[PDB]
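Each of two forms of one protein chain follows alone as C-alpha coordinates, named structure 1 and structure 2.
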Structure 1
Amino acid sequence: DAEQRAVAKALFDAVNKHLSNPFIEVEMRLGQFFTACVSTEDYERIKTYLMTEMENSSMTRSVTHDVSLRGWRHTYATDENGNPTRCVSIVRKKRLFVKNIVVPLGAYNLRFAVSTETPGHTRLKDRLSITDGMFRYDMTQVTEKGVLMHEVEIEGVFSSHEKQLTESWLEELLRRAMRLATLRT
(Lines of atoms letter the chains of each structure in order from A and count residues from 1; the text may use other names and numbers.)
(Lines give C-alpha, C1' and ligand atoms only; values in the text may rest on other atoms or scores of the structure.)
Protein backbone atom coordinates (compact mmCIF):
# COMPACT_ATOMS: atom_id res chain seq x y z
CA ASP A 1 0.00 0.00 0.00
CA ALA A 2 3.22 2.07 -0.23
CA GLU A 3 3.06 3.01 3.47
CA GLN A 4 3.70 -0.60 4.53
CA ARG A 5 6.98 0.91 5.72
CA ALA A 6 4.97 2.01 8.75
CA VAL A 7 3.72 -1.49 9.59
CA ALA A 8 7.23 -2.93 9.13
CA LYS A 9 8.53 -0.80 12.01
CA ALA A 10 5.90 -2.33 14.29
CA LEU A 11 6.91 -5.81 13.11
CA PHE A 12 10.62 -5.19 13.77
CA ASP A 13 9.89 -3.96 17.31
CA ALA A 14 7.85 -7.07 18.11
CA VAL A 15 10.46 -9.63 17.00
CA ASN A 16 13.72 -7.77 17.62
CA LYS A 17 14.46 -9.75 20.80
CA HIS A 18 14.12 -13.11 19.02
CA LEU A 19 16.81 -12.58 16.37
CA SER A 20 19.52 -14.14 18.56
CA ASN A 21 17.84 -17.56 18.42
CA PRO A 22 19.85 -19.52 15.81
CA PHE A 23 16.74 -21.43 14.63
CA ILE A 24 14.49 -18.47 13.83
CA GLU A 25 12.02 -18.87 10.95
CA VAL A 26 10.42 -15.69 9.61
CA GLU A 27 7.56 -16.28 7.18
CA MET A 28 4.74 -14.45 5.44
CA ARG A 29 1.91 -16.80 4.44
CA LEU A 30 -0.81 -16.29 1.83
CA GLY A 31 -4.32 -17.33 2.74
CA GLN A 32 -7.96 -16.45 3.27
CA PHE A 33 -10.23 -16.11 6.29
CA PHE A 34 -7.22 -18.39 8.39
CA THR A 35 -6.34 -21.23 6.01
CA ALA A 36 -2.91 -20.73 4.43
CA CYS A 37 -3.90 -21.84 0.96
CA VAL A 38 -4.64 -20.32 -2.45
CA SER A 39 -6.66 -21.53 -5.41
CA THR A 40 -4.95 -23.79 -7.92
CA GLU A 41 -5.55 -21.08 -10.54
CA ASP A 42 -3.79 -18.36 -8.55
CA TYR A 43 -1.11 -20.89 -7.57
CA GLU A 44 -0.19 -21.30 -11.23
CA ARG A 45 -0.32 -17.52 -11.73
CA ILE A 46 2.11 -16.93 -8.86
CA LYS A 47 4.41 -19.66 -10.18
CA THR A 48 4.48 -18.15 -13.67
CA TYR A 49 5.23 -14.67 -12.30
CA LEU A 50 8.20 -15.90 -10.23
CA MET A 51 9.62 -18.20 -12.91
CA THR A 52 9.66 -15.28 -15.37
CA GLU A 53 10.62 -12.19 -13.42
CA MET A 54 13.60 -13.04 -11.15
CA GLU A 55 16.60 -13.71 -13.37
CA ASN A 56 19.15 -13.71 -10.52
CA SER A 57 17.20 -16.13 -8.31
CA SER A 58 17.76 -19.84 -7.75
CA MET A 59 15.24 -22.66 -7.71
CA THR A 60 14.86 -26.24 -6.47
CA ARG A 61 12.11 -28.80 -5.90
CA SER A 62 11.69 -31.34 -3.11
CA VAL A 63 8.99 -33.92 -2.34
CA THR A 64 8.56 -34.41 1.39
CA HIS A 65 6.70 -36.58 3.91
CA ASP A 66 5.87 -34.88 7.23
CA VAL A 67 4.47 -36.57 10.35
CA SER A 68 3.48 -34.74 13.54
CA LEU A 69 4.19 -37.07 16.48
CA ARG A 70 4.49 -36.00 20.13
CA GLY A 71 4.98 -32.38 19.11
CA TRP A 72 7.95 -33.21 16.86
CA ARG A 73 7.77 -32.87 13.06
CA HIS A 74 9.40 -35.89 11.41
CA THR A 75 10.53 -35.11 7.86
CA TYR A 76 10.95 -38.04 5.45
CA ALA A 77 12.62 -38.23 2.06
CA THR A 78 10.83 -39.77 -0.91
CA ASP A 79 11.57 -42.02 -3.89
CA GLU A 80 10.39 -41.75 -7.50
CA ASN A 81 7.02 -43.29 -6.58
CA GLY A 82 6.57 -40.87 -3.67
CA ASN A 83 6.79 -43.18 -0.69
CA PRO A 84 8.84 -42.31 2.40
CA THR A 85 12.49 -43.43 2.25
CA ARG A 86 14.31 -42.67 5.55
CA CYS A 87 13.80 -39.73 7.92
CA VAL A 88 15.96 -36.65 7.28
CA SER A 89 14.93 -34.14 9.96
CA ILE A 90 13.46 -34.17 13.47
CA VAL A 91 12.26 -30.66 14.33
CA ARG A 92 9.92 -29.05 16.85
CA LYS A 93 8.33 -25.77 15.77
CA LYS A 94 7.55 -23.22 18.48
CA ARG A 95 5.62 -20.10 17.49
CA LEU A 96 6.91 -16.85 19.01
CA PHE A 97 4.90 -14.10 17.28
CA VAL A 98 2.08 -14.07 14.74
CA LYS A 99 -0.15 -11.34 13.32
CA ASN A 100 -2.17 -11.14 10.13
CA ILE A 101 -1.44 -8.28 7.75
CA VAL A 102 -4.11 -5.95 6.38
CA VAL A 103 -4.45 -6.44 2.62
CA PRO A 104 -6.52 -4.63 -0.02
CA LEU A 105 -10.02 -5.87 -0.75
CA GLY A 106 -10.16 -8.92 -3.00
CA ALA A 107 -6.52 -9.82 -2.34
CA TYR A 108 -5.22 -12.85 -0.50
CA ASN A 109 -4.79 -12.46 3.24
CA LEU A 110 -1.27 -12.36 4.67
CA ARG A 111 -0.14 -14.06 7.89
CA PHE A 112 3.17 -12.91 9.38
CA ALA A 113 4.65 -15.52 11.70
CA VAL A 114 7.94 -15.71 13.60
CA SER A 115 8.77 -19.26 14.67
CA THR A 116 11.56 -21.41 16.01
CA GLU A 117 12.38 -24.83 14.53
CA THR A 118 14.69 -26.63 16.93
CA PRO A 119 16.38 -29.86 15.78
CA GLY A 120 16.18 -33.02 17.85
CA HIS A 121 -0.87 -37.16 10.72
CA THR A 122 0.74 -37.30 7.25
CA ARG A 123 1.65 -34.41 4.94
CA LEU A 124 3.08 -35.05 1.48
CA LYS A 125 4.73 -31.77 0.45
CA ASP A 126 5.59 -31.12 -3.20
CA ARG A 127 7.55 -27.93 -2.56
CA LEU A 128 9.01 -25.60 -5.20
CA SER A 129 11.50 -23.07 -3.82
CA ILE A 130 12.55 -19.95 -5.75
CA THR A 131 15.26 -18.04 -3.85
CA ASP A 132 15.68 -14.37 -4.79
CA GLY A 133 18.34 -12.83 -2.56
CA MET A 134 17.23 -12.98 1.07
CA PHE A 135 13.71 -14.18 0.13
CA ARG A 136 12.61 -17.77 -0.53
CA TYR A 137 9.30 -18.26 -2.31
CA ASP A 138 7.89 -21.63 -1.22
CA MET A 139 5.08 -22.97 -3.42
CA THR A 140 3.96 -26.28 -1.91
CA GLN A 141 1.32 -28.78 -3.00
CA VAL A 142 0.27 -30.38 0.29
CA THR A 143 -1.96 -33.45 0.53
CA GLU A 144 -3.20 -33.97 4.09
CA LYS A 145 -6.25 -36.11 4.90
CA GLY A 146 -6.80 -36.78 1.20
CA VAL A 147 -7.12 -33.07 0.35
CA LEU A 148 -4.71 -31.27 -1.98
CA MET A 149 -4.03 -27.64 -1.06
CA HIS A 150 -1.78 -24.99 -2.60
CA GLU A 151 0.40 -23.08 -0.14
CA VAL A 152 2.49 -20.00 -0.94
CA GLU A 153 4.83 -18.37 1.57
CA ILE A 154 7.95 -16.20 1.59
CA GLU A 155 10.73 -17.22 3.99
CA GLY A 156 13.72 -15.22 5.16
CA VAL A 157 17.15 -16.35 3.99
CA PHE A 158 19.96 -15.02 6.15
CA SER A 159 23.57 -15.56 7.05
CA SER A 160 23.08 -13.49 10.23
CA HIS A 161 19.55 -13.01 11.55
CA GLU A 162 20.77 -10.27 13.89
CA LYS A 163 22.72 -8.41 11.22
CA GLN A 164 20.42 -8.95 8.24
CA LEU A 165 16.80 -9.07 9.41
CA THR A 166 16.26 -5.32 9.58
CA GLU A 167 13.22 -3.08 9.34
CA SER A 168 14.24 -2.42 5.73
CA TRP A 169 14.13 -6.16 5.03
CA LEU A 170 10.65 -6.35 6.56
CA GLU A 171 9.41 -3.58 4.26
CA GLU A 172 10.55 -5.55 1.22
CA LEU A 173 8.96 -8.73 2.57
CA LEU A 174 5.63 -6.90 2.83
CA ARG A 175 5.99 -5.42 -0.66
CA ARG A 176 6.86 -8.84 -2.10
CA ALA A 177 4.03 -10.69 -0.35
CA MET A 178 1.56 -7.94 -1.32
CA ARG A 179 2.51 -8.29 -4.99
CA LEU A 180 1.50 -11.95 -4.73
CA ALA A 181 -1.49 -11.22 -2.47
CA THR A 182 -3.08 -8.97 -5.10
CA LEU A 183 -2.97 -11.88 -7.60
CA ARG A 184 -6.19 -13.32 -6.14
CA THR A 185 -8.94 -14.29 -8.56
Structure 2
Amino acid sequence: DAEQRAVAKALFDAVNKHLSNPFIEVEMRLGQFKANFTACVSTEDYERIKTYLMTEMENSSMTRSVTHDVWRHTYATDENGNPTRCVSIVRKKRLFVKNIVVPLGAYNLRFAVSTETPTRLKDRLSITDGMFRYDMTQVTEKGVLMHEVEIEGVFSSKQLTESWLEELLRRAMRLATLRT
Protein backbone atom coordinates (compact mmCIF):
# COMPACT_ATOMS: atom_id res chain seq x y z
CA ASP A 1 0.00 0.00 0.00
CA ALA A 2 1.06 3.61 0.59
CA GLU A 3 3.48 2.87 3.44
CA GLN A 4 5.15 0.12 1.38
CA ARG A 5 5.65 2.63 -1.44
CA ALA A 6 7.41 5.03 0.94
CA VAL A 7 9.78 2.29 2.11
CA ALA A 8 10.55 1.07 -1.41
CA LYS A 9 11.24 4.61 -2.63
CA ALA A 10 13.67 5.07 0.27
CA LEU A 11 15.38 1.76 -0.50
CA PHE A 12 15.57 2.82 -4.15
CA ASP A 13 17.12 6.20 -3.35
CA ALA A 14 19.57 4.67 -0.87
CA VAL A 15 20.64 2.01 -3.38
CA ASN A 16 21.36 4.62 -6.06
CA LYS A 17 23.31 6.72 -3.56
CA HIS A 18 25.50 3.69 -2.81
CA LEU A 19 25.82 2.84 -6.51
CA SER A 20 26.88 6.34 -7.60
CA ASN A 21 27.46 6.88 -11.35
CA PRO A 22 30.62 4.92 -12.19
CA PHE A 23 31.99 5.89 -15.58
CA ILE A 24 34.91 4.50 -17.57
CA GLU A 25 37.75 6.67 -18.88
CA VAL A 26 39.83 5.49 -21.84
CA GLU A 27 42.88 7.63 -22.56
CA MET A 28 45.97 7.62 -24.77
CA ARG A 29 48.79 9.71 -23.29
CA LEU A 30 51.89 10.96 -25.07
CA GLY A 31 55.18 10.55 -23.29
CA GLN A 32 58.77 9.38 -23.27
CA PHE A 33 60.98 6.84 -21.56
CA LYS A 34 63.62 8.78 -19.62
CA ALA A 35 60.50 5.86 -13.19
CA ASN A 36 60.40 4.71 -16.82
CA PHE A 37 57.43 6.21 -18.67
CA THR A 38 57.08 9.97 -18.21
CA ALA A 39 53.85 11.48 -19.53
CA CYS A 40 55.39 14.66 -20.92
CA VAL A 41 56.37 16.18 -24.26
CA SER A 42 58.85 18.93 -25.00
CA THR A 43 57.69 22.54 -24.85
CA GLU A 44 58.26 23.13 -28.56
CA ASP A 45 56.46 19.91 -29.54
CA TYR A 46 53.64 20.90 -27.17
CA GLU A 47 53.04 24.26 -28.85
CA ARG A 48 53.09 22.61 -32.28
CA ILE A 49 50.53 20.00 -31.23
CA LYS A 50 48.39 22.92 -30.09
CA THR A 51 48.95 24.66 -33.43
CA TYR A 52 47.78 21.42 -35.05
CA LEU A 53 44.62 21.25 -32.95
CA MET A 54 43.58 24.88 -33.42
CA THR A 55 44.15 24.54 -37.16
CA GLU A 56 42.11 21.31 -37.14
CA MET A 57 39.34 22.75 -34.94
CA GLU A 58 36.08 23.70 -36.63
CA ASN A 59 33.50 23.79 -33.80
CA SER A 60 34.76 27.07 -32.24
CA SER A 61 34.80 25.48 -28.80
CA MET A 62 37.30 24.90 -26.01
CA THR A 63 37.44 24.77 -22.22
CA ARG A 64 40.27 26.10 -20.08
CA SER A 65 40.57 25.54 -16.34
CA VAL A 66 43.23 26.19 -13.71
CA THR A 67 42.79 23.75 -10.83
CA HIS A 68 44.68 22.57 -7.75
CA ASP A 69 44.81 18.88 -6.89
CA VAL A 70 45.55 16.75 -3.83
CA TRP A 71 40.78 9.92 -3.86
CA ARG A 72 41.68 13.24 -5.49
CA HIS A 73 40.22 16.57 -4.36
CA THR A 74 40.06 19.19 -7.13
CA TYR A 75 40.09 22.85 -6.15
CA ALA A 76 39.05 25.70 -8.42
CA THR A 77 40.86 29.03 -8.75
CA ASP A 78 39.82 32.68 -8.95
CA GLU A 79 40.99 35.36 -11.40
CA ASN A 80 44.40 35.64 -9.66
CA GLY A 81 45.09 31.89 -9.61
CA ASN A 82 44.28 31.43 -5.89
CA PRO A 83 42.26 28.37 -4.82
CA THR A 84 38.51 28.69 -4.36
CA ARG A 85 36.85 25.48 -3.13
CA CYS A 86 36.38 21.85 -4.07
CA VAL A 87 34.24 21.41 -7.18
CA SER A 88 34.74 17.63 -7.35
CA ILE A 89 36.02 14.63 -5.37
CA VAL A 90 36.82 11.48 -7.35
CA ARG A 91 38.54 8.12 -6.83
CA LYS A 92 40.46 6.98 -9.93
CA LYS A 93 41.36 3.28 -10.15
CA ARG A 94 43.37 2.19 -13.20
CA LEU A 95 41.95 -1.05 -14.59
CA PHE A 96 44.15 -1.58 -17.66
CA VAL A 97 47.46 -0.04 -18.73
CA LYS A 98 49.45 -0.83 -21.87
CA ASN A 99 52.45 0.61 -23.69
CA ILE A 100 51.76 1.13 -27.39
CA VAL A 101 54.46 0.24 -29.90
CA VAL A 102 55.02 3.49 -31.81
CA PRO A 103 57.06 4.21 -34.97
CA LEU A 104 60.64 5.31 -34.51
CA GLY A 105 61.01 9.02 -33.80
CA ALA A 106 57.48 9.20 -32.36
CA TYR A 107 56.47 10.05 -28.83
CA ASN A 108 55.61 7.01 -26.76
CA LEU A 109 51.94 6.27 -26.14
CA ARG A 110 50.46 4.74 -22.99
CA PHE A 111 46.91 3.36 -23.13
CA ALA A 112 44.97 3.53 -19.87
CA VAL A 113 41.46 2.57 -18.77
CA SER A 114 40.23 3.81 -15.39
CA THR A 115 37.13 3.82 -13.23
CA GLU A 116 36.23 7.19 -11.73
CA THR A 117 33.70 7.37 -8.92
CA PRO A 118 32.27 10.65 -7.47
CA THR A 119 49.73 18.38 -4.64
CA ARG A 120 49.63 19.39 -8.32
CA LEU A 121 48.59 22.50 -10.23
CA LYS A 122 46.96 21.97 -13.62
CA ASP A 123 46.40 24.54 -16.37
CA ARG A 124 44.38 22.49 -18.85
CA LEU A 125 43.10 23.38 -22.32
CA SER A 126 40.57 20.95 -23.81
CA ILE A 127 39.28 20.63 -27.39
CA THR A 128 36.78 18.22 -28.92
CA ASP A 129 37.09 16.80 -32.45
CA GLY A 130 34.35 14.33 -33.27
CA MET A 131 33.81 11.96 -30.35
CA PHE A 132 37.28 12.57 -28.91
CA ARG A 133 38.50 15.03 -26.28
CA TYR A 134 42.04 16.41 -26.47
CA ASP A 135 43.59 17.58 -23.19
CA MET A 136 46.68 19.82 -23.19
CA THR A 137 47.86 20.31 -19.61
CA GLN A 138 50.76 22.19 -18.06
CA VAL A 139 51.31 20.43 -14.72
CA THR A 140 53.47 21.42 -11.74
CA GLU A 141 53.68 18.73 -9.07
CA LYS A 142 56.98 19.40 -7.26
CA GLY A 143 58.46 22.56 -8.75
CA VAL A 144 58.75 20.79 -12.13
CA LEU A 145 56.78 21.94 -15.17
CA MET A 146 55.41 19.16 -17.39
CA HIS A 147 53.72 19.59 -20.78
CA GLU A 148 51.13 16.81 -21.10
CA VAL A 149 48.96 15.80 -24.06
CA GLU A 150 46.30 13.08 -24.09
CA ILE A 151 43.27 12.01 -26.12
CA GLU A 152 40.39 10.44 -24.23
CA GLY A 153 36.71 9.69 -23.93
CA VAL A 154 34.42 8.68 -21.08
CA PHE A 155 31.76 5.96 -21.09
CA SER A 156 29.12 4.60 -18.71
CA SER A 157 25.97 2.45 -18.51
CA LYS A 158 27.85 5.98 -24.37
CA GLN A 159 29.45 2.56 -24.86
CA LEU A 160 32.95 1.64 -26.00
CA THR A 161 33.31 0.13 -29.48
CA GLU A 162 36.24 -1.22 -31.47
CA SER A 163 35.66 1.54 -34.03
CA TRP A 164 36.13 4.28 -31.43
CA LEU A 165 39.28 2.58 -30.14
CA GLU A 166 40.59 2.21 -33.70
CA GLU A 167 40.15 5.93 -34.35
CA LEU A 168 41.59 6.82 -30.93
CA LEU A 169 44.82 5.02 -31.84
CA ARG A 170 44.77 6.69 -35.27
CA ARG A 171 44.36 10.16 -33.76
CA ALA A 172 47.00 9.50 -31.08
CA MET A 173 49.56 8.29 -33.63
CA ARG A 174 48.97 11.52 -35.56
CA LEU A 175 49.95 13.61 -32.54
CA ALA A 176 52.79 11.26 -31.54
CA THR A 177 54.50 11.52 -34.95
CA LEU A 178 53.68 15.19 -35.56
CA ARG A 179 57.32 16.26 -35.86
CA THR A 180 58.26 13.49 -38.30
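Only residues modelled in both forms are compared. In this text, the rigid core denotes the largest set of C-alpha atoms whose superposition between the two forms falls within 1.5 Å. Reference numbering: structure 1, starting with residue 1.
With the core fitted between structure 1 and structure 2, just one of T143, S62, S58, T48 shows a Cα displacement of at least 2 Å, namely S58. Once the rigid core is overlaid between structure 1 and structure 2, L19 counts among the residues whose Cα shifts by 2 Å or more.
Core-superposed comparison between structure 1 and structure 2: the C-alpha position of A8 differs by no less than 2 Å. In this core superposition, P104 moves its Cα by 0.4 Å between structure 1 and structure 2. After fitting on the rigid core, stretches of 3+ residues whose CA atoms all move by 2 angstroms or more between structure 1 and structure 2 lie at 1-22, 56-58, 157-160, 183-185.
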